[PDB]
>>> print(open('coords-v7.txt').read())   # compact mmCIF, C-alpha atoms and all ligand atoms
# COMPACT_ATOMS: atom_id res chain seq x y z
CA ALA F 2 16.09 -1.18 6.80
CA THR F 3 12.51 -0.32 7.76
CA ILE F 4 9.75 -0.77 5.18
CA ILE F 5 6.18 0.38 5.83
CA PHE F 6 3.19 -1.27 4.17
CA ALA F 7 -0.11 0.48 3.81
CA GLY F 8 -3.28 0.19 1.74
CA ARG F 9 -7.07 0.18 1.83
CA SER F 10 -8.68 -2.75 3.53
CA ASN F 11 -9.13 -5.88 1.38
CA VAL F 12 -6.59 -4.91 -1.37
CA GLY F 13 -4.46 -7.93 -0.38
CA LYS F 14 -1.84 -6.36 1.87
CA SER F 15 -1.72 -9.10 4.49
CA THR F 16 -1.62 -11.69 1.64
CA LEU F 17 1.31 -9.81 0.01
CA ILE F 18 3.22 -9.62 3.32
CA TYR F 19 2.79 -13.35 3.73
CA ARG F 20 4.05 -13.99 0.15
CA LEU F 21 7.11 -11.80 0.85
CA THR F 22 7.97 -13.02 4.31
CA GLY F 23 6.33 -16.38 4.93
CA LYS F 24 4.67 -14.85 8.02
CA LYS F 25 0.88 -14.84 8.43
CA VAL F 26 -0.23 -11.61 9.88
CA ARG F 27 -3.65 -10.27 10.75
CA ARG F 28 -5.29 -13.67 10.55
CA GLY F 29 -6.74 -13.64 14.07
CA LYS F 30 -4.16 -15.45 16.16
CA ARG F 31 -3.79 -12.09 17.83
CA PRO F 32 -7.19 -10.61 18.46
CA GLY F 33 -7.56 -6.88 18.96
CA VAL F 34 -4.77 -5.96 16.57
CA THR F 35 -7.27 -5.09 13.79
CA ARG F 36 -6.99 -1.39 14.51
CA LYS F 37 -3.28 -1.39 15.39
CA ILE F 38 0.13 -1.05 13.75
CA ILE F 39 2.19 -4.22 13.83
CA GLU F 40 5.91 -4.95 13.30
CA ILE F 41 7.19 -7.93 11.36
CA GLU F 42 10.75 -9.25 11.28
CA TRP F 43 11.73 -9.94 7.61
CA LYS F 44 15.11 -11.63 7.91
CA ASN F 45 17.28 -8.68 9.07
CA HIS F 46 14.77 -5.96 8.02
CA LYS F 47 11.60 -4.74 9.63
CA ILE F 48 8.16 -4.32 8.11
CA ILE F 49 5.83 -1.91 9.95
CA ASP F 50 2.33 -2.72 8.74
CA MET F 51 -0.41 -0.13 8.96
CA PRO F 52 -3.98 -1.26 9.54
CA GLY F 53 -5.99 -1.09 6.29
CA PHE F 54 -7.44 2.32 5.37
CA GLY F 55 -11.08 2.97 4.59
CA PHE F 56 -14.27 1.11 5.11
CA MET F 57 -14.70 -2.27 6.68
CA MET F 58 -18.13 -3.44 7.85
CA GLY F 59 -18.35 -3.13 11.61
CA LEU F 60 -15.67 -0.45 11.65
CA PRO F 61 -17.40 2.85 12.46
CA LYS F 62 -16.35 5.69 10.23
CA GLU F 63 -15.14 7.71 13.28
CA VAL F 64 -12.76 4.89 14.16
CA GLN F 65 -11.76 4.71 10.52
CA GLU F 66 -10.69 8.40 10.72
CA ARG F 67 -8.97 7.84 14.06
CA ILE F 68 -6.96 5.01 12.59
CA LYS F 69 -5.97 7.14 9.62
CA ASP F 70 -4.79 9.85 12.07
CA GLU F 71 -2.73 7.34 14.00
CA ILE F 72 -1.02 6.08 10.78
CA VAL F 73 -0.34 9.71 9.75
CA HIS F 74 1.15 10.51 13.13
CA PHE F 75 3.34 7.40 13.18
CA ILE F 76 4.67 8.02 9.65
CA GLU F 77 5.23 11.73 10.27
CA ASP F 78 7.06 10.94 13.54
CA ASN F 79 9.18 8.10 12.18
CA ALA F 80 9.72 9.44 8.64
CA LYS F 81 13.48 9.82 9.09
CA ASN F 82 13.62 6.14 10.04
CA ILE F 83 11.51 4.80 7.22
CA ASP F 84 13.55 3.69 4.23
CA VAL F 85 10.82 2.85 1.76
CA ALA F 86 7.03 2.60 1.69
CA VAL F 87 4.94 0.06 -0.19
CA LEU F 88 1.42 1.23 -0.92
CA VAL F 89 -0.70 -1.79 -1.92
CA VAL F 90 -3.64 -0.98 -4.22
CA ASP F 91 -6.27 -3.18 -5.77
CA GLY F 92 -5.56 -2.64 -9.50
CA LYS F 93 -9.08 -3.69 -10.55
CA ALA F 94 -11.03 -1.57 -8.06
CA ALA F 95 -8.82 1.48 -7.50
CA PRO F 96 -9.42 3.28 -10.76
CA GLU F 97 -13.19 2.92 -10.50
CA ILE F 98 -13.21 4.02 -6.86
CA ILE F 99 -11.12 7.06 -7.80
CA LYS F 100 -13.65 8.05 -10.47
CA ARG F 101 -16.70 7.82 -8.17
CA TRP F 102 -15.01 9.75 -5.38
CA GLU F 103 -13.88 12.52 -7.72
CA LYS F 104 -17.43 12.69 -9.10
CA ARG F 105 -18.68 13.61 -5.64
CA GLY F 106 -15.84 15.98 -4.85
CA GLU F 107 -13.90 13.85 -2.37
CA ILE F 108 -10.22 13.00 -2.48
CA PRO F 109 -9.77 9.24 -2.98
CA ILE F 110 -7.85 7.58 -0.13
CA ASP F 111 -5.20 6.09 -2.42
CA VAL F 112 -4.45 9.42 -4.06
CA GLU F 113 -4.44 11.25 -0.74
CA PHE F 114 -2.04 8.76 0.78
CA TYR F 115 0.47 8.52 -2.05
CA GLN F 116 0.59 12.32 -2.15
CA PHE F 117 1.03 12.45 1.59
CA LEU F 118 4.07 10.15 1.40
CA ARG F 119 5.51 12.46 -1.30
CA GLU F 120 5.19 15.49 1.02
CA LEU F 121 7.20 13.45 3.52
CA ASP F 122 9.96 12.55 0.98
CA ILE F 123 9.44 8.85 1.53
CA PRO F 124 10.36 6.72 -1.54
CA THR F 125 7.16 4.82 -2.39
CA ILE F 126 6.52 1.73 -4.48
CA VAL F 127 2.93 1.04 -5.50
CA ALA F 128 2.18 -2.70 -5.53
CA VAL F 129 -0.70 -2.97 -8.06
CA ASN F 130 -2.31 -6.12 -6.74
CA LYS F 131 -4.90 -8.52 -8.14
CA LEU F 132 -3.29 -8.46 -11.52
CA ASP F 133 -5.16 -11.66 -12.36
CA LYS F 134 -8.44 -9.64 -12.42
CA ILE F 135 -7.06 -6.83 -14.61
CA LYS F 136 -7.66 -6.93 -18.35
CA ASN F 137 -5.50 -3.88 -19.22
CA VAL F 138 -2.83 -3.40 -16.63
CA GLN F 139 -0.91 -0.77 -18.60
CA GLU F 140 -4.05 1.31 -18.78
CA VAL F 141 -4.64 0.95 -15.04
CA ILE F 142 -1.07 1.96 -14.19
CA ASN F 143 -1.20 4.92 -16.57
CA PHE F 144 -4.42 6.11 -14.95
CA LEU F 145 -3.02 5.75 -11.43
CA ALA F 146 0.19 7.50 -12.43
CA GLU F 147 -1.77 10.53 -13.66
CA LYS F 148 -3.97 10.61 -10.49
CA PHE F 149 -1.02 10.12 -8.08
CA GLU F 150 1.06 12.84 -9.91
CA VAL F 151 3.75 10.39 -10.98
CA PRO F 152 5.93 11.55 -13.92
CA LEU F 153 5.86 9.35 -17.03
CA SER F 154 9.63 8.76 -16.65
CA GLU F 155 9.05 7.24 -13.23
CA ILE F 156 6.05 4.96 -13.86
CA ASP F 157 7.91 1.68 -14.18
CA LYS F 158 10.01 2.56 -11.11
CA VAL F 159 6.94 3.19 -9.00
CA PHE F 160 4.17 0.88 -10.20
CA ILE F 161 4.77 -2.85 -9.90
CA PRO F 162 1.85 -5.06 -10.87
CA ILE F 163 1.64 -8.35 -8.91
CA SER F 164 -0.78 -11.11 -7.91
CA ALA F 165 -0.24 -11.80 -4.20
CA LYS F 166 -2.75 -14.62 -4.62
CA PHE F 167 -0.92 -16.56 -7.31
CA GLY F 168 2.56 -15.20 -6.89
CA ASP F 169 2.94 -13.28 -10.16
CA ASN F 170 5.90 -10.75 -10.04
CA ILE F 171 6.40 -11.03 -6.27
CA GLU F 172 10.12 -11.55 -6.82
CA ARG F 173 10.27 -8.43 -8.98
CA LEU F 174 8.51 -6.48 -6.18
CA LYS F 175 11.02 -7.81 -3.65
CA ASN F 176 13.92 -6.78 -5.93
CA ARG F 177 12.46 -3.28 -6.34
CA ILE F 178 12.10 -2.82 -2.58
CA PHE F 179 15.70 -3.74 -1.99
CA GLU F 180 16.95 -1.74 -4.91
CA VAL F 181 15.16 1.38 -3.61
CA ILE F 182 16.62 0.77 -0.14
CA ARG F 183 20.16 0.51 -1.48
CA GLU F 184 19.84 3.39 -3.98
CA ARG F 185 18.65 5.44 -0.97
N1 LIG L 201 -7.94 -12.34 -7.34
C1 LIG L 201 -7.05 -11.96 -6.35
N2 LIG L 201 -7.45 -11.88 -5.09
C2 LIG L 201 -6.58 -11.50 -4.09
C3 LIG L 201 -5.24 -11.18 -4.39
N3 LIG L 201 -4.63 -10.84 -3.21
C4 LIG L 201 -5.48 -10.92 -2.25
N4 LIG L 201 -6.73 -11.34 -2.76
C5 LIG L 201 -7.99 -11.55 -2.03
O1 LIG L 201 -8.42 -10.24 -1.52
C6 LIG L 201 -9.08 -10.41 -0.18
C7 LIG L 201 -8.30 -9.63 0.89
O2 LIG L 201 -6.97 -10.06 0.91
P1 LIG L 201 -6.25 -9.67 2.29
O3 LIG L 201 -4.83 -10.03 2.10
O4 LIG L 201 -6.87 -10.35 3.57
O5 LIG L 201 -6.40 -8.09 2.36
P2 LIG L 201 -5.98 -6.91 3.35
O6 LIG L 201 -7.26 -6.53 4.03
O7 LIG L 201 -5.54 -5.80 2.32
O8 LIG L 201 -4.90 -7.55 4.19
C8 LIG L 201 -9.13 -11.89 -0.04
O9 LIG L 201 -10.31 -12.68 -0.22
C9 LIG L 201 -7.86 -12.39 -0.76
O10 LIG L 201 -8.06 -13.78 -1.21
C10 LIG L 201 -4.84 -11.28 -5.76
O11 LIG L 201 -3.72 -11.03 -6.10
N5 LIG L 201 -5.77 -11.66 -6.71
>>> encode(input="coords-v7.txt", output="C-alpha cells")
Amino acid sequence: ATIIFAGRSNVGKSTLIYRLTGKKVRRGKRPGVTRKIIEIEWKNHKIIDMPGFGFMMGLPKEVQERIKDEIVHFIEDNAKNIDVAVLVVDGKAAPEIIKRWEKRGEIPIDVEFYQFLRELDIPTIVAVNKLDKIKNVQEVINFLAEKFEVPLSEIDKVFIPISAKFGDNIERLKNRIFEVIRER
C-alpha cells in the first residue's frame, strides 16, 4: 500500500517516520531535498513524504506556496493510488495557531489540508504529536475534530495522540494505519 505523510514544518513528522520505519529521513545526508517529496520503503509498503507545510526561517513565503502547490498537484494526481494519509499535527501548538489565524480571517493550514484530503476521498488519520507537552489531550482532539469537520462518532478513528519523541502510542498509530488500509 502507499501511505502519504504530511504536516506543518517542525510538528515532528520526520521523527515519527523514523519511529515507524527505523529510517532517518530529512536529516541532511541528502542535501537539496528540503523542498522535495521523498519516497521511503517501509517493509513492503511505501511512504511518500511531503515536505513540511508553512513557515520555516530561510524559506521565502513564495517558495512555501509553490511547495504547497506541488504537494496538492501530486496528491490530486496520485489520489487513486494513495491508500491512506497521515496528517501529523503538533497537539500543543495547533489549537492556538488555529485560533490566531481565524482571528485574522485566514484559513489555518491544518484545517485547509485535512479538508482538502476529504474532498479527495482519501482516508486520513491525524497523528496528534507531542502528547508529552499536552495537559488536556481530549480537549485538544475535541477542538481539532470540530475545526476539521470530523463527526463525533469518528473522532477516535481519526485522531491518534502519540509522542514520536518518547514512543507513546506509536504502535497504536501503526495498527490504525494498517487497519485503515485493510478496511479500505
Ligand atoms: N516534546 C516533543 N518534541 C518532539 C516530538 N516529536 C518531535 N519533537 C521535536 O520537534 C522538533 C521537530 O521534529 P522534526 O521531526 O524534525 O519535525 P518535522 O519538521 O515535522 O520533520 C524537534 O526538535 C523534535 O525533537 C514529541 O513527540 N514531543
>>> closest_atom_pairs(input="coords-v7.txt", of="chain F", to="ligand LIG 201 (chain L)", cutoff="12 Å", atoms="all atoms listed in the file", output="tab-separated table")
residue	atom	partner	partner_atom	distance
F:6	CA	L:LIG201	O7	10.0
F:7	CA	L:LIG201	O7	8.4
F:8	CA	L:LIG201	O7	6.4
F:9	CA	L:LIG201	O7	6.2
F:10	CA	L:LIG201	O6	4.1
F:11	CA	L:LIG201	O6	3.3
F:12	CA	L:LIG201	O7	3.9
F:13	CA	L:LIG201	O3	3.3
F:14	CA	L:LIG201	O7	3.8
F:15	CA	L:LIG201	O8	3.6
F:16	CA	L:LIG201	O3	3.6
F:17	CA	L:LIG201	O3	6.5
F:18	CA	L:LIG201	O3	8.2
F:19	CA	L:LIG201	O3	8.5
F:20	CA	L:LIG201	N3	9.8
F:25	CA	L:LIG201	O3	9.8
F:26	CA	L:LIG201	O8	8.4
F:27	CA	L:LIG201	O8	7.2
F:28	CA	L:LIG201	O4	7.9
F:29	CA	L:LIG201	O4	11.0
F:35	CA	L:LIG201	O6	9.9
F:36	CA	L:LIG201	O6	11.7
F:50	CA	L:LIG201	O8	9.8
F:51	CA	L:LIG201	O8	9.9
F:52	CA	L:LIG201	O6	8.3
F:53	CA	L:LIG201	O6	6.0
F:54	CA	L:LIG201	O7	8.9
F:55	CA	L:LIG201	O6	10.3
F:56	CA	L:LIG201	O6	10.4
F:57	CA	L:LIG201	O6	9.0
F:58	CA	L:LIG201	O6	11.9
F:88	CA	L:LIG201	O7	10.4
F:89	CA	L:LIG201	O7	7.6
F:90	CA	L:LIG201	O7	8.3
F:91	CA	L:LIG201	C3	8.2
F:92	CA	L:LIG201	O11	9.2
F:93	CA	L:LIG201	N1	9.3
F:94	CA	L:LIG201	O1	11.2
F:128	CA	L:LIG201	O11	10.2
F:129	CA	L:LIG201	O11	8.8
F:130	CA	L:LIG201	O11	5.1
F:131	CA	L:LIG201	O11	3.4
F:132	CA	L:LIG201	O11	6.0
F:133	CA	L:LIG201	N5	5.7
F:134	CA	L:LIG201	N1	5.8
F:135	CA	L:LIG201	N1	9.2
F:162	CA	L:LIG201	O11	9.5
F:163	CA	L:LIG201	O11	6.6
F:164	CA	L:LIG201	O11	3.5
F:165	CA	L:LIG201	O11	4.0
F:166	CA	L:LIG201	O11	4.0
F:167	CA	L:LIG201	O11	6.3
F:168	CA	L:LIG201	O11	7.6
F:169	CA	L:LIG201	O11	8.1
F:170	CA	L:LIG201	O11	10.4
F:171	CA	L:LIG201	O11	10.1
>>> residues_around(input="coords-v7.txt", residues="residue 118 (chain F)", least_positions_apart="2", cutoff="10 Å", atoms="only C-alpha atoms", output="PDB file with C-alpha atoms, keeping the file's coordinate frame")
ATOM      1  CA  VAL F  73      -0.340   9.710   9.750  1.00  0.00           C
ATOM      2  CA  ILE F  76       4.670   8.020   9.650  1.00  0.00           C
ATOM      3  CA  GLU F  77       5.230  11.730  10.270  1.00  0.00           C
ATOM      4  CA  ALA F  80       9.720   9.440   8.640  1.00  0.00           C
ATOM      5  CA  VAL F  85      10.820   2.850   1.760  1.00  0.00           C
ATOM      6  CA  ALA F  86       7.030   2.600   1.690  1.00  0.00           C
ATOM      7  CA  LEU F  88       1.420   1.230  -0.920  1.00  0.00           C
ATOM      8  CA  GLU F 113      -4.440  11.250  -0.740  1.00  0.00           C
ATOM      9  CA  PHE F 114      -2.040   8.760   0.780  1.00  0.00           C
ATOM     10  CA  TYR F 115       0.470   8.520  -2.050  1.00  0.00           C
ATOM     11  CA  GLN F 116       0.590  12.320  -2.150  1.00  0.00           C
ATOM     12  CA  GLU F 120       5.190  15.490   1.020  1.00  0.00           C
ATOM     13  CA  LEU F 121       7.200  13.450   3.520  1.00  0.00           C
ATOM     14  CA  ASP F 122       9.960  12.550   0.980  1.00  0.00           C
ATOM     15  CA  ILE F 123       9.440   8.850   1.530  1.00  0.00           C
ATOM     16  CA  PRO F 124      10.360   6.720  -1.540  1.00  0.00           C
ATOM     17  CA  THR F 125       7.160   4.820  -2.390  1.00  0.00           C
TER      18      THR F 125
END
>>> closest_residue(input="coords-v7.txt", among="F:24, F:72, F:45, F:84", to="residue 183 (chain F)", atoms="only C-alpha atoms")
F:84
>>> residues_around(input="coords-v7.txt", residues="residue 109 (chain F)", least_positions_apart="3", cutoff="10 Å", atoms="only C-alpha atoms", output="number ranges by chain")
F: 55, 95-96, 98-103, 106, 112-114, 148
>>> write_last_selection(input="coords-v7.txt", atoms="C-alpha atoms", output="mmCIF file, keeping the file's coordinate frame")
data_model
loop_
_atom_site.group_PDB
_atom_site.id
_atom_site.type_symbol
_atom_site.label_atom_id
_atom_site.label_comp_id
_atom_site.auth_asym_id
_atom_site.auth_seq_id
_atom_site.Cartn_x
_atom_site.Cartn_y
_atom_site.Cartn_z
ATOM 1 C CA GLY F 55 -11.080 2.970 4.590
ATOM 2 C CA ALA F 95 -8.820 1.480 -7.500
ATOM 3 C CA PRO F 96 -9.420 3.280 -10.760
ATOM 4 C CA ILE F 98 -13.210 4.020 -6.860
ATOM 5 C CA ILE F 99 -11.120 7.060 -7.800
ATOM 6 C CA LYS F 100 -13.650 8.050 -10.470
ATOM 7 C CA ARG F 101 -16.700 7.820 -8.170
ATOM 8 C CA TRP F 102 -15.010 9.750 -5.380
ATOM 9 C CA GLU F 103 -13.880 12.520 -7.720
ATOM 10 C CA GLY F 106 -15.840 15.980 -4.850
ATOM 11 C CA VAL F 112 -4.450 9.420 -4.060
ATOM 12 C CA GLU F 113 -4.440 11.250 -0.740
ATOM 13 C CA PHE F 114 -2.040 8.760 0.780
ATOM 14 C CA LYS F 148 -3.970 10.610 -10.490
#
>>> closest_residue(input="coords-v7.txt", among="F:104, F:67, F:37, F:158", to="residue 142 (chain F)", atoms="all atoms listed in the file")
F:158
>>> atom_distance(input="coords-v7.txt", atom1="CA of residue 60 (chain F)", atom2="CA of residue 41 (chain F)")
24.1 Å
>>> atom_distance(input="coords-v7.txt", atom1="CA of residue 23 (chain F)", atom2="CA of residue 138 (chain F)")
26.8 Å
>>> axis_aligned_box(input="coords-v7.txt", around="region 81-99 of chain F", padding_each_side="4 Å", output="AutoDock Vina command-line options")
--center_x 0.2 --center_y 3.1 --center_z -0.4 --size_x 34.8 --size_y 21.5 --size_z 28.8
>>> closest_residue(input="coords-v7.txt", among="F:150, F:66, F:42, F:172", to="residue 5 (chain F)", atoms="only C-alpha atoms")
F:42
>>> atom_distance(input="coords-v7.txt", atom1="CA of residue 3 (chain F)", atom2="CA of residue 49 (chain F)")
7.2 Å
>>> closest_residue(input="coords-v7.txt", among="F:173, F:44, F:185, F:69", to="residue 110 (chain F)", atoms="all atoms listed in the file")
F:69
>>> closest_residue(input="coords-v7.txt", among="F:161, F:181, F:155, F:75", to="residue 141 (chain F)", atoms="only C-alpha atoms")
F:161
>>> closest_residue(input="coords-v7.txt", among="F:83, F:145, F:21, F:48", to="residue 97 (chain F)", atoms="only C-alpha atoms")
F:145
>>> build_atoms(input="coords-v7.txt", residues="region 3-19 of chain F", atoms="N, CA and C atoms", output="PDB file, in the frame of the given file")
ATOM      1  N   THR F   3      13.881  -0.253   7.308  1.00  0.00           N
ATOM      2  CA  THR F   3      12.510  -0.320   7.760  1.00  0.00           C
ATOM      3  C   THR F   3      11.632  -0.024   6.561  1.00  0.00           C
ATOM      4  N   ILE F   4      10.637  -0.879   6.320  1.00  0.00           N
ATOM      5  CA  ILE F   4       9.750  -0.770   5.180  1.00  0.00           C
ATOM      6  C   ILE F   4       8.314  -0.698   5.719  1.00  0.00           C
ATOM      7  N   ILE F   5       7.569   0.336   5.360  1.00  0.00           N
ATOM      8  CA  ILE F   5       6.180   0.380   5.830  1.00  0.00           C
ATOM      9  C   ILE F   5       5.284  -0.118   4.682  1.00  0.00           C
ATOM     10  N   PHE F   6       4.210  -0.794   5.078  1.00  0.00           N
ATOM     11  CA  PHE F   6       3.190  -1.270   4.170  1.00  0.00           C
ATOM     12  C   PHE F   6       1.896  -0.584   4.570  1.00  0.00           C
ATOM     13  N   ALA F   7       1.123  -0.210   3.571  1.00  0.00           N
ATOM     14  CA  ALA F   7      -0.110   0.480   3.810  1.00  0.00           C
ATOM     15  C   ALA F   7      -1.046   0.244   2.625  1.00  0.00           C
ATOM     16  N   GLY F   8      -2.335   0.356   2.863  1.00  0.00           N
ATOM     17  CA  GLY F   8      -3.280   0.190   1.740  1.00  0.00           C
ATOM     18  C   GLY F   8      -4.721   0.132   2.252  1.00  0.00           C
ATOM     19  N   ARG F   9      -5.683   0.282   1.359  1.00  0.00           N
ATOM     20  CA  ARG F   9      -7.070   0.180   1.830  1.00  0.00           C
ATOM     21  C   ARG F   9      -7.358  -1.261   2.219  1.00  0.00           C
ATOM     22  N   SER F  10      -8.304  -1.426   3.114  1.00  0.00           N
ATOM     23  CA  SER F  10      -8.680  -2.750   3.530  1.00  0.00           C
ATOM     24  C   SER F  10      -9.164  -3.599   2.332  1.00  0.00           C
ATOM     25  N   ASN F  11      -8.773  -4.852   2.348  1.00  0.00           N
ATOM     26  CA  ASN F  11      -9.130  -5.880   1.380  1.00  0.00           C
ATOM     27  C   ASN F  11      -8.414  -5.776   0.029  1.00  0.00           C
ATOM     28  N   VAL F  12      -7.296  -5.032  -0.049  1.00  0.00           N
ATOM     29  CA  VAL F  12      -6.590  -4.910  -1.370  1.00  0.00           C
ATOM     30  C   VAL F  12      -5.621  -6.075  -1.529  1.00  0.00           C
ATOM     31  N   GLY F  13      -5.365  -6.786  -0.426  1.00  0.00           N
ATOM     32  CA  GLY F  13      -4.460  -7.930  -0.380  1.00  0.00           C
ATOM     33  C   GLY F  13      -3.125  -7.663   0.301  1.00  0.00           C
ATOM     34  N   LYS F  14      -3.088  -6.685   1.175  1.00  0.00           N
ATOM     35  CA  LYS F  14      -1.840  -6.360   1.870  1.00  0.00           C
ATOM     36  C   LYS F  14      -1.343  -7.455   2.769  1.00  0.00           C
ATOM     37  N   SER F  15      -2.203  -8.025   3.622  1.00  0.00           N
ATOM     38  CA  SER F  15      -1.720  -9.100   4.490  1.00  0.00           C
ATOM     39  C   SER F  15      -1.296 -10.305   3.630  1.00  0.00           C
ATOM     40  N   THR F  16      -2.033 -10.626   2.557  1.00  0.00           N
ATOM     41  CA  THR F  16      -1.620 -11.690   1.640  1.00  0.00           C
ATOM     42  C   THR F  16      -0.220 -11.408   1.026  1.00  0.00           C
ATOM     43  N   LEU F  17       0.014 -10.179   0.613  1.00  0.00           N
ATOM     44  CA  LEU F  17       1.310  -9.810   0.010  1.00  0.00           C
ATOM     45  C   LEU F  17       2.439  -9.973   1.055  1.00  0.00           C
ATOM     46  N   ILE F  18       2.204  -9.510   2.276  1.00  0.00           N
ATOM     47  CA  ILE F  18       3.220  -9.620   3.320  1.00  0.00           C
ATOM     48  C   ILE F  18       3.561 -11.072   3.591  1.00  0.00           C
ATOM     49  N   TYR F  19       2.542 -11.914   3.580  1.00  0.00           N
ATOM     50  CA  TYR F  19       2.790 -13.350   3.730  1.00  0.00           C
ATOM     51  C   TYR F  19       3.589 -13.898   2.544  1.00  0.00           C
TER      52      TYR F  19
END
